[PDB]
$ cat upload.pdb   # PDB, C-alpha atoms
MODEL        1
ATOM      1  CA  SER A  35      -8.201  30.157  24.639  1.00  0.00           C
ATOM      2  CA  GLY A  36      -8.367  29.556  20.890  1.00  0.00           C
ATOM      3  CA  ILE A  37      -5.672  28.114  18.654  1.00  0.00           C
ATOM      4  CA  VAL A  38      -4.767  31.520  17.186  1.00  0.00           C
ATOM      5  CA  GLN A  39      -4.165  33.102  20.596  1.00  0.00           C
ATOM      6  CA  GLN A  40      -2.297  30.021  21.785  1.00  0.00           C
ATOM      7  CA  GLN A  41      -0.091  30.063  18.684  1.00  0.00           C
ATOM      8  CA  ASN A  42       0.845  33.656  19.458  1.00  0.00           C
ATOM      9  CA  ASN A  43       1.675  32.755  23.068  1.00  0.00           C
ATOM     10  CA  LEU A  44       3.918  29.894  21.934  1.00  0.00           C
ATOM     11  CA  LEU A  45       5.664  32.237  19.497  1.00  0.00           C
ATOM     12  CA  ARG A  46       6.299  34.844  22.191  1.00  0.00           C
ATOM     13  CA  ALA A  47       7.656  32.166  24.545  1.00  0.00           C
ATOM     14  CA  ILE A  48      10.038  30.853  21.877  1.00  0.00           C
ATOM     15  CA  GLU A  49      11.204  34.411  21.087  1.00  0.00           C
ATOM     16  CA  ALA A  50      11.901  35.070  24.773  1.00  0.00           C
ATOM     17  CA  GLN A  51      13.785  31.759  25.020  1.00  0.00           C
ATOM     18  CA  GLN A  52      15.904  32.898  22.064  1.00  0.00           C
ATOM     19  CA  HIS A  53      16.940  35.918  24.115  1.00  0.00           C
ATOM     20  CA  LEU A  54      17.798  33.580  26.992  1.00  0.00           C
ATOM     21  CA  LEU A  55      19.842  31.395  24.648  1.00  0.00           C
ATOM     22  CA  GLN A  56      21.734  34.468  23.410  1.00  0.00           C
ATOM     23  CA  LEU A  57      22.417  35.511  27.001  1.00  0.00           C
ATOM     24  CA  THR A  58      23.899  32.070  27.768  1.00  0.00           C
ATOM     25  CA  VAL A  59      26.079  32.351  24.661  1.00  0.00           C
ATOM     26  CA  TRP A  60      27.412  35.687  25.950  1.00  0.00           C
ATOM     27  CA  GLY A  61      28.210  34.219  29.364  1.00  0.00           C
ATOM     28  CA  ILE A  62      30.072  31.225  27.934  1.00  0.00           C
ATOM     29  CA  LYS A  63      32.119  33.450  25.616  1.00  0.00           C
ATOM     30  CA  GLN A  64      32.974  35.730  28.573  1.00  0.00           C
ATOM     31  CA  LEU A  65      34.244  32.789  30.652  1.00  0.00           C
ATOM     32  CA  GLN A  66      36.069  31.179  27.714  1.00  0.00           C
ATOM     33  CA  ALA A  67      37.984  34.411  27.112  1.00  0.00           C
ATOM     34  CA  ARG A  68      38.874  34.578  30.811  1.00  0.00           C
ATOM     35  CA  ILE A  69      40.032  30.950  30.977  1.00  0.00           C
ATOM     36  CA  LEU A  70      41.600  30.493  27.537  1.00  0.00           C
TER      37      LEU A  70
ATOM     38  CA  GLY B  36      -4.287  17.538  14.735  1.00  0.00           C
ATOM     39  CA  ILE B  37      -3.393  21.192  15.334  1.00  0.00           C
ATOM     40  CA  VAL B  38      -4.670  20.891  18.919  1.00  0.00           C
ATOM     41  CA  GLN B  39      -2.367  17.958  19.646  1.00  0.00           C
ATOM     42  CA  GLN B  40       0.598  19.590  17.880  1.00  0.00           C
ATOM     43  CA  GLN B  41       0.057  22.782  19.870  1.00  0.00           C
ATOM     44  CA  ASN B  42       0.187  20.734  23.087  1.00  0.00           C
ATOM     45  CA  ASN B  43       3.401  19.006  21.976  1.00  0.00           C
ATOM     46  CA  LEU B  44       4.926  22.423  21.241  1.00  0.00           C
ATOM     47  CA  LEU B  45       4.025  23.591  24.736  1.00  0.00           C
ATOM     48  CA  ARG B  46       5.633  20.511  26.276  1.00  0.00           C
ATOM     49  CA  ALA B  47       8.791  21.069  24.212  1.00  0.00           C
ATOM     50  CA  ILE B  48       8.963  24.709  25.329  1.00  0.00           C
ATOM     51  CA  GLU B  49       8.502  23.643  28.967  1.00  0.00           C
ATOM     52  CA  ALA B  50      11.360  21.158  28.615  1.00  0.00           C
ATOM     53  CA  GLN B  51      13.500  23.767  26.849  1.00  0.00           C
ATOM     54  CA  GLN B  52      12.841  26.093  29.787  1.00  0.00           C
ATOM     55  CA  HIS B  53      14.130  23.417  32.166  1.00  0.00           C
ATOM     56  CA  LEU B  54      17.226  23.054  29.980  1.00  0.00           C
ATOM     57  CA  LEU B  55      17.787  26.829  30.142  1.00  0.00           C
ATOM     58  CA  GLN B  56      17.500  26.732  33.935  1.00  0.00           C
ATOM     59  CA  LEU B  57      20.257  24.122  33.844  1.00  0.00           C
ATOM     60  CA  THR B  58      22.625  25.967  31.481  1.00  0.00           C
ATOM     61  CA  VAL B  59      22.127  29.226  33.388  1.00  0.00           C
ATOM     62  CA  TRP B  60      22.868  27.296  36.581  1.00  0.00           C
ATOM     63  CA  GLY B  61      26.091  25.922  35.097  1.00  0.00           C
ATOM     64  CA  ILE B  62      27.286  29.305  33.820  1.00  0.00           C
ATOM     65  CA  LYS B  63      26.641  30.831  37.255  1.00  0.00           C
ATOM     66  CA  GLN B  64      28.626  28.013  38.886  1.00  0.00           C
ATOM     67  CA  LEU B  65      31.665  28.689  36.716  1.00  0.00           C
ATOM     68  CA  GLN B  66      31.344  32.484  36.914  1.00  0.00           C
ATOM     69  CA  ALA B  67      31.327  32.391  40.714  1.00  0.00           C
ATOM     70  CA  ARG B  68      34.350  30.076  40.648  1.00  0.00           C
ATOM     71  CA  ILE B  69      36.279  32.327  38.232  1.00  0.00           C
ATOM     72  CA  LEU B  70      35.294  35.812  39.419  1.00  0.00           C
TER      73      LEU B  70
ATOM     74  CA  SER C  35       0.252  31.376   5.377  1.00  0.00           C
ATOM     75  CA  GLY C  36      -2.098  29.587   7.790  1.00  0.00           C
ATOM     76  CA  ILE C  37      -1.921  28.127  11.279  1.00  0.00           C
ATOM     77  CA  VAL C  38      -0.562  24.890   9.805  1.00  0.00           C
ATOM     78  CA  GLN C  39       2.375  26.702   8.218  1.00  0.00           C
ATOM     79  CA  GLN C  40       2.974  28.902  11.265  1.00  0.00           C
ATOM     80  CA  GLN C  41       2.955  25.872  13.557  1.00  0.00           C
ATOM     81  CA  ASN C  42       5.493  24.153  11.305  1.00  0.00           C
ATOM     82  CA  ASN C  43       7.746  27.226  11.481  1.00  0.00           C
ATOM     83  CA  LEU C  44       7.639  27.149  15.296  1.00  0.00           C
ATOM     84  CA  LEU C  45       8.629  23.470  15.203  1.00  0.00           C
ATOM     85  CA  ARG C  46      11.604  24.253  12.972  1.00  0.00           C
ATOM     86  CA  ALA C  47      12.572  27.147  15.252  1.00  0.00           C
ATOM     87  CA  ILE C  48      12.653  24.975  18.390  1.00  0.00           C
ATOM     88  CA  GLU C  49      14.505  22.230  16.505  1.00  0.00           C
ATOM     89  CA  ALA C  50      17.167  24.817  15.661  1.00  0.00           C
ATOM     90  CA  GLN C  51      17.152  26.230  19.193  1.00  0.00           C
ATOM     91  CA  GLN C  52      17.853  22.720  20.487  1.00  0.00           C
ATOM     92  CA  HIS C  53      20.982  22.549  18.306  1.00  0.00           C
ATOM     93  CA  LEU C  54      22.004  25.933  19.687  1.00  0.00           C
ATOM     94  CA  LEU C  55      21.295  24.781  23.238  1.00  0.00           C
ATOM     95  CA  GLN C  56      23.314  21.562  22.747  1.00  0.00           C
ATOM     96  CA  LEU C  57      26.234  23.708  21.618  1.00  0.00           C
ATOM     97  CA  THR C  58      26.007  25.788  24.808  1.00  0.00           C
ATOM     98  CA  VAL C  59      25.998  22.558  26.837  1.00  0.00           C
ATOM     99  CA  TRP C  60      29.216  21.516  25.085  1.00  0.00           C
ATOM    100  CA  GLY C  61      30.871  24.837  25.889  1.00  0.00           C
ATOM    101  CA  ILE C  62      29.879  24.657  29.548  1.00  0.00           C
ATOM    102  CA  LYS C  63      31.244  21.104  29.838  1.00  0.00           C
ATOM    103  CA  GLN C  64      34.546  22.174  28.245  1.00  0.00           C
ATOM    104  CA  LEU C  65      34.955  25.041  30.696  1.00  0.00           C
ATOM    105  CA  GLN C  66      33.825  22.912  33.637  1.00  0.00           C
ATOM    106  CA  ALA C  67      36.526  20.347  32.822  1.00  0.00           C
ATOM    107  CA  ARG C  68      39.131  23.117  32.529  1.00  0.00           C
ATOM    108  CA  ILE C  69      38.184  24.682  35.875  1.00  0.00           C
ATOM    109  CA  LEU C  70      37.350  21.643  37.989  1.00  0.00           C
TER     110      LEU C  70
ATOM    111  CA  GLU D 114      28.366  44.795  26.396  1.00  0.00           C
ATOM    112  CA  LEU D 115      26.878  43.698  29.757  1.00  0.00           C
ATOM    113  CA  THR D 116      27.890  43.546  33.364  1.00  0.00           C
ATOM    114  CA  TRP D 117      27.214  40.202  35.022  1.00  0.00           C
ATOM    115  CA  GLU D 118      24.624  41.994  37.165  1.00  0.00           C
ATOM    116  CA  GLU D 119      22.792  43.207  34.047  1.00  0.00           C
ATOM    117  CA  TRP D 120      23.069  39.699  32.585  1.00  0.00           C
ATOM    118  CA  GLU D 121      21.373  38.238  35.671  1.00  0.00           C
ATOM    119  CA  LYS D 122      18.622  40.875  35.603  1.00  0.00           C
ATOM    120  CA  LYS D 123      17.820  40.207  31.941  1.00  0.00           C
ATOM    121  CA  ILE D 124      17.716  36.441  32.640  1.00  0.00           C
ATOM    122  CA  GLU D 125      15.125  37.142  35.345  1.00  0.00           C
ATOM    123  CA  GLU D 126      13.144  39.461  33.050  1.00  0.00           C
ATOM    124  CA  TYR D 127      12.887  36.983  30.161  1.00  0.00           C
ATOM    125  CA  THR D 128      12.083  34.158  32.605  1.00  0.00           C
ATOM    126  CA  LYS D 129       9.194  36.211  34.030  1.00  0.00           C
ATOM    127  CA  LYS D 130       7.848  36.799  30.508  1.00  0.00           C
ATOM    128  CA  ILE D 131       8.023  33.089  29.656  1.00  0.00           C
ATOM    129  CA  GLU D 132       6.520  31.824  32.911  1.00  0.00           C
ATOM    130  CA  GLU D 133       3.597  34.234  32.513  1.00  0.00           C
ATOM    131  CA  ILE D 134       2.934  32.592  29.139  1.00  0.00           C
ATOM    132  CA  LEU D 135       3.343  29.051  30.504  1.00  0.00           C
ATOM    133  CA  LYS D 136       0.900  29.866  33.337  1.00  0.00           C
TER     134      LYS D 136
ATOM    135  CA  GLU E 114      23.497  21.445  45.999  1.00  0.00           C
ATOM    136  CA  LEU E 115      23.150  20.058  42.495  1.00  0.00           C
ATOM    137  CA  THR E 116      26.169  18.027  41.361  1.00  0.00           C
ATOM    138  CA  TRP E 117      27.636  18.266  37.875  1.00  0.00           C
ATOM    139  CA  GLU E 118      26.883  14.558  37.449  1.00  0.00           C
ATOM    140  CA  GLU E 119      23.147  15.022  38.049  1.00  0.00           C
ATOM    141  CA  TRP E 120      23.199  18.232  35.977  1.00  0.00           C
ATOM    142  CA  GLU E 121      24.490  16.216  33.024  1.00  0.00           C
ATOM    143  CA  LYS E 122      21.872  13.482  33.567  1.00  0.00           C
ATOM    144  CA  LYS E 123      19.026  16.015  33.644  1.00  0.00           C
ATOM    145  CA  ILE E 124      20.308  17.755  30.496  1.00  0.00           C
ATOM    146  CA  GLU E 125      20.209  14.432  28.667  1.00  0.00           C
ATOM    147  CA  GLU E 126      16.719  13.681  29.984  1.00  0.00           C
ATOM    148  CA  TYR E 127      15.122  16.925  28.793  1.00  0.00           C
ATOM    149  CA  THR E 128      16.998  16.896  25.471  1.00  0.00           C
ATOM    150  CA  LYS E 129      15.883  13.322  24.777  1.00  0.00           C
ATOM    151  CA  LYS E 130      12.326  14.289  25.720  1.00  0.00           C
ATOM    152  CA  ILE E 131      12.266  17.192  23.261  1.00  0.00           C
ATOM    153  CA  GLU E 132      13.760  15.020  20.507  1.00  0.00           C
ATOM    154  CA  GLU E 133      10.921  12.535  21.004  1.00  0.00           C
ATOM    155  CA  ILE E 134       8.273  15.281  20.912  1.00  0.00           C
ATOM    156  CA  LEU E 135       9.678  16.765  17.709  1.00  0.00           C
ATOM    157  CA  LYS E 136       9.707  13.347  15.971  1.00  0.00           C
TER     158      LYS E 136
ATOM    159  CA  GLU F 114      35.184  17.013  18.881  1.00  0.00           C
ATOM    160  CA  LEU F 115      34.941  20.711  18.112  1.00  0.00           C
ATOM    161  CA  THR F 116      37.457  23.497  18.231  1.00  0.00           C
ATOM    162  CA  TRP F 117      36.266  26.697  19.891  1.00  0.00           C
ATOM    163  CA  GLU F 118      36.518  28.361  16.479  1.00  0.00           C
ATOM    164  CA  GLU F 119      34.154  25.749  15.014  1.00  0.00           C
ATOM    165  CA  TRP F 120      31.884  26.162  18.029  1.00  0.00           C
ATOM    166  CA  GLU F 121      31.669  29.921  17.433  1.00  0.00           C
ATOM    167  CA  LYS F 122      30.824  29.388  13.752  1.00  0.00           C
ATOM    168  CA  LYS F 123      28.024  26.887  14.419  1.00  0.00           C
ATOM    169  CA  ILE F 124      26.564  29.089  17.180  1.00  0.00           C
ATOM    170  CA  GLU F 125      26.277  31.933  14.680  1.00  0.00           C
ATOM    171  CA  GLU F 126      24.935  29.610  11.954  1.00  0.00           C
ATOM    172  CA  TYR F 127      22.122  28.323  14.159  1.00  0.00           C
ATOM    173  CA  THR F 128      21.420  31.808  15.527  1.00  0.00           C
ATOM    174  CA  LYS F 129      20.974  33.196  12.008  1.00  0.00           C
ATOM    175  CA  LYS F 130      18.730  30.267  11.046  1.00  0.00           C
ATOM    176  CA  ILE F 131      16.494  30.792  14.091  1.00  0.00           C
ATOM    177  CA  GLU F 132      16.288  34.556  13.573  1.00  0.00           C
ATOM    178  CA  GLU F 133      15.365  34.029   9.938  1.00  0.00           C
ATOM    179  CA  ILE F 134      12.593  31.597  10.944  1.00  0.00           C
ATOM    180  CA  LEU F 135      11.289  33.916  13.647  1.00  0.00           C
ATOM    181  CA  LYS F 136      11.488  36.701  10.997  1.00  0.00           C
TER     182      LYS F 136
ENDMDL
END
$ encode --input "upload.pdb" --output "structure tokens"
Amino acid sequence: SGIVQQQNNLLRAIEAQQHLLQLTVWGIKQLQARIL
Amino acid sequence: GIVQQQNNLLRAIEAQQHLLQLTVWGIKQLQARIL
Amino acid sequence: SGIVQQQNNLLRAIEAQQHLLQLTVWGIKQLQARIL
Amino acid sequence: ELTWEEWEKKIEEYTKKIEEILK
Amino acid sequence: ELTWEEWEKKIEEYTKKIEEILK
Amino acid sequence: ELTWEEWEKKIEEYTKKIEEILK
């Protein structure tokens, strides 16, 4: 719709991707500890 | 303009989502190998 | 303040998330080389 | 602390949220 | 199945694409 | 080339920067 709504949608998507990025950090650290 | 910049942001987020699909894929590959 | 400022903040956030994502790629490659 | 099963479920949940926005 | 070689190529492609958008 | 210790530090540095931006 408008720019204001679309800005909010982009913000929510980036916030959710930050959670995904944190989850990938956790998985890498888990495997690193197992391997090394 | 703001309209163009908003579209570029969407395209970056879509590409960042593809990257996340790839890193999740790689973590799952190693996890299944290890555990 | 306004949409212009908020849009700039989102750009900086994704720029920083890309650095974070590149670091996760490095960690995955390190572990991949160790395992395989 | 997470089990790998919980990790996978949260990945799916955040993906669903994002794809709803991208759609 | 995806190979690690193509995985690495696709990572580079999307990362380069974002870098060009942000410029 | 990074050590894993340096990797962990930069992860946290970028995480804090993002979280501050997202408020």
$ closest_residue --input "upload.pdb" --among "C:64, C:58, C:51, C:40" --to "residue 130 of chain F" --atoms "all atoms listed in the file"
C:51
$ axis_aligned_box --input "upload.pdb" --around "segment 54-62 of chain C" --padding-each-side "4 Å" --output "JSON"
{"center_x": 26.1, "center_y": 23.7, "center_z": 24.6, "size_x": 17.6, "size_y": 12.4, "size_z": 17.9}
$ atom_distance --input "upload.pdb" --atom1 "atom CA of residue 136 of chain F" --atom2 "atom CA of residue 54 of chain A"
17.5 Å
$ calpha_fit_rmsd --input "upload.pdb" --fixed "chain F" --moving "chain E"
0.5 Å
$ resolve_selection --input "upload.pdb" --expression "the PyMOL selection byres ((chain A) within 10 of (chain D))" --output "PyMOL selection string"
chain A and resi 40+42-44+46-55+57-58+60-61+64
$ calpha_fit_rmsd --input "upload.pdb" --fixed "chain C" --moving "chain A"
0.4 Å
$ atom_distance --input "upload.pdb" --atom1 "atom CA of residue 38 of chain B" --atom2 "atom CA of residue 45 of chain A"
15.4 Å
$ closest_atom_pairs --input "upload.pdb" --of "chain B" --to "chain A" --cutoff "7 Å" --atoms "only C-alpha atoms" --output "CSV"
residue,atom,partner,partner_atom,distance
B:45,CA,A:44,CA,6.9
B:59,CA,A:58,CA,6.5
B:62,CA,A:61,CA,6.7
B:66,CA,A:65,CA,6.9
$ closest_atom_pairs --input "upload.pdb" --of "chain B" --to "chain D" --cutoff "12 Å" --atoms "all atoms listed in the file" --output "JSON lines"
{"residue": "B:42", "atom": "CA", "partner": "D:135", "partner_atom": "CA", "distance": 11.6}
{"residue": "B:44", "atom": "CA", "partner": "D:135", "partner_atom": "CA", "distance": 11.5}
{"residue": "B:45", "atom": "CA", "partner": "D:135", "partner_atom": "CA", "distance": 8.0}
{"residue": "B:46", "atom": "CA", "partner": "D:135", "partner_atom": "CA", "distance": 9.8}
{"residue": "B:47", "atom": "CA", "partner": "D:135", "partner_atom": "CA", "distance": 11.5}
{"residue": "B:48", "atom": "CA", "partner": "D:135", "partner_atom": "CA", "distance": 8.8}
{"residue": "B:49", "atom": "CA", "partner": "D:135", "partner_atom": "CA", "distance": 7.6}
{"residue": "B:50", "atom": "CA", "partner": "D:135", "partner_atom": "CA", "distance": 11.4}
{"residue": "B:51", "atom": "CA", "partner": "D:131", "partner_atom": "CA", "distance": 11.2}
{"residue": "B:52", "atom": "CA", "partner": "D:131", "partner_atom": "CA", "distance": 8.5}
{"residue": "B:53", "atom": "CA", "partner": "D:128", "partner_atom": "CA", "distance": 10.9}
{"residue": "B:55", "atom": "CA", "partner": "D:128", "partner_atom": "CA", "distance": 9.6}
{"residue": "B:56", "atom": "CA", "partner": "D:128", "partner_atom": "CA", "distance": 9.3}
{"residue": "B:58", "atom": "CA", "partner": "D:124", "partner_atom": "CA", "distance": 11.6}
{"residue": "B:59", "atom": "CA", "partner": "D:124", "partner_atom": "CA", "distance": 8.5}
{"residue": "B:60", "atom": "CA", "partner": "D:121", "partner_atom": "CA", "distance": 11.1}
{"residue": "B:62", "atom": "CA", "partner": "D:121", "partner_atom": "CA", "distance": 10.9}
{"residue": "B:63", "atom": "CA", "partner": "D:121", "partner_atom": "CA", "distance": 9.2}
{"residue": "B:66", "atom": "CA", "partner": "D:117", "partner_atom": "CA", "distance": 9.0}
{"residue": "B:67", "atom": "CA", "partner": "D:117", "partner_atom": "CA", "distance": 10.5}
{"residue": "B:70", "atom": "CA", "partner": "D:117", "partner_atom": "CA", "distance": 10.2}
$ atom_distance --input "upload.pdb" --atom1 "atom CA of residue 40 of chain B" --atom2 "atom CA of residue 38 of chain C"
9.7 Å
$ build_atoms --input "upload.pdb" --residues "segment 56-70 of chain C" --atoms "N, CA, C and O atoms" --output "PDB file, keeping the file's coordinate frame"
ATOM      1  N   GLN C  56      22.309  22.626  22.634  1.00  0.00           N
ATOM      2  CA  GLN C  56      23.314  21.562  22.747  1.00  0.00           C
ATOM      3  C   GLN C  56      24.733  22.109  22.624  1.00  0.00           C
ATOM      4  O   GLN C  56      25.656  21.645  23.318  1.00  0.00           O
ATOM      5  N   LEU C  57      24.925  23.086  21.742  1.00  0.00           N
ATOM      6  CA  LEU C  57      26.234  23.708  21.618  1.00  0.00           C
ATOM      7  C   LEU C  57      26.609  24.452  22.899  1.00  0.00           C
ATOM      8  O   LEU C  57      27.764  24.393  23.326  1.00  0.00           O
ATOM      9  N   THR C  58      25.651  25.130  23.550  1.00  0.00           N
ATOM     10  CA  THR C  58      26.007  25.788  24.808  1.00  0.00           C
ATOM     11  C   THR C  58      26.344  24.756  25.879  1.00  0.00           C
ATOM     12  O   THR C  58      27.252  24.973  26.689  1.00  0.00           O
ATOM     13  N   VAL C  59      25.647  23.614  25.885  1.00  0.00           N
ATOM     14  CA  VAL C  59      25.998  22.558  26.837  1.00  0.00           C
ATOM     15  C   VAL C  59      27.439  22.104  26.631  1.00  0.00           C
ATOM     16  O   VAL C  59      28.197  21.921  27.594  1.00  0.00           O
ATOM     17  N   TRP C  60      27.842  21.913  25.373  1.00  0.00           N
ATOM     18  CA  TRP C  60      29.216  21.516  25.085  1.00  0.00           C
ATOM     19  C   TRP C  60      30.208  22.531  25.633  1.00  0.00           C
ATOM     20  O   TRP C  60      31.233  22.161  26.217  1.00  0.00           O
ATOM     21  N   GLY C  61      29.937  23.825  25.425  1.00  0.00           N
ATOM     22  CA  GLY C  61      30.871  24.837  25.889  1.00  0.00           C
ATOM     23  C   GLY C  61      30.988  24.853  27.399  1.00  0.00           C
ATOM     24  O   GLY C  61      32.092  24.949  27.949  1.00  0.00           O
ATOM     25  N   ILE C  62      29.859  24.717  28.088  1.00  0.00           N
ATOM     26  CA  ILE C  62      29.879  24.657  29.548  1.00  0.00           C
ATOM     27  C   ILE C  62      30.696  23.463  30.037  1.00  0.00           C
ATOM     28  O   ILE C  62      31.517  23.588  30.956  1.00  0.00           O
ATOM     29  N   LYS C  63      30.493  22.288  29.428  1.00  0.00           N
ATOM     30  CA  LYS C  63      31.244  21.104  29.838  1.00  0.00           C
ATOM     31  C   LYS C  63      32.742  21.294  29.625  1.00  0.00           C
ATOM     32  O   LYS C  63      33.548  20.899  30.476  1.00  0.00           O
ATOM     33  N   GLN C  64      33.133  21.909  28.500  1.00  0.00           N
ATOM     34  CA  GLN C  64      34.546  22.174  28.245  1.00  0.00           C
ATOM     35  C   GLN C  64      35.138  23.054  29.333  1.00  0.00           C
ATOM     36  O   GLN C  64      36.231  22.786  29.846  1.00  0.00           O
ATOM     37  N   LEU C  65      34.437  24.130  29.684  1.00  0.00           N
ATOM     38  CA  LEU C  65      34.955  25.041  30.696  1.00  0.00           C
ATOM     39  C   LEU C  65      34.921  24.398  32.076  1.00  0.00           C
ATOM     40  O   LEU C  65      35.847  24.581  32.878  1.00  0.00           O
ATOM     41  N   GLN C  66      33.874  23.629  32.366  1.00  0.00           N
ATOM     42  CA  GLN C  66      33.825  22.912  33.637  1.00  0.00           C
ATOM     43  C   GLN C  66      35.034  21.993  33.793  1.00  0.00           C
ATOM     44  O   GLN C  66      35.640  21.931  34.870  1.00  0.00           O
ATOM     45  N   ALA C  67      35.387  21.257  32.735  1.00  0.00           N
ATOM     46  CA  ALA C  67      36.526  20.347  32.822  1.00  0.00           C
ATOM     47  C   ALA C  67      37.824  21.114  33.025  1.00  0.00           C
ATOM     48  O   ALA C  67      38.706  20.672  33.771  1.00  0.00           O
ATOM     49  N   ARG C  68      37.948  22.277  32.377  1.00  0.00           N
ATOM     50  CA  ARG C  68      39.131  23.117  32.529  1.00  0.00           C
ATOM     51  C   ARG C  68      39.272  23.630  33.958  1.00  0.00           C
ATOM     52  O   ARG C  68      40.381  23.691  34.498  1.00  0.00           O
ATOM     53  N   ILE C  69      38.163  24.044  34.564  1.00  0.00           N
ATOM     54  CA  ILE C  69      38.184  24.682  35.875  1.00  0.00           C
ATOM     55  C   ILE C  69      38.276  23.649  36.985  1.00  0.00           C
ATOM     56  O   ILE C  69      39.062  23.796  37.926  1.00  0.00           O
ATOM     57  N   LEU C  70      37.473  22.598  36.897  1.00  0.00           N
ATOM     58  CA  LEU C  70      37.350  21.643  37.989  1.00  0.00           C
ATOM     59  C   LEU C  70      37.946  20.298  37.607  1.00  0.00           C
ATOM     60  O   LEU C  70      37.964  19.389  38.430  1.00  0.00           O
TER      61      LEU C  70
END
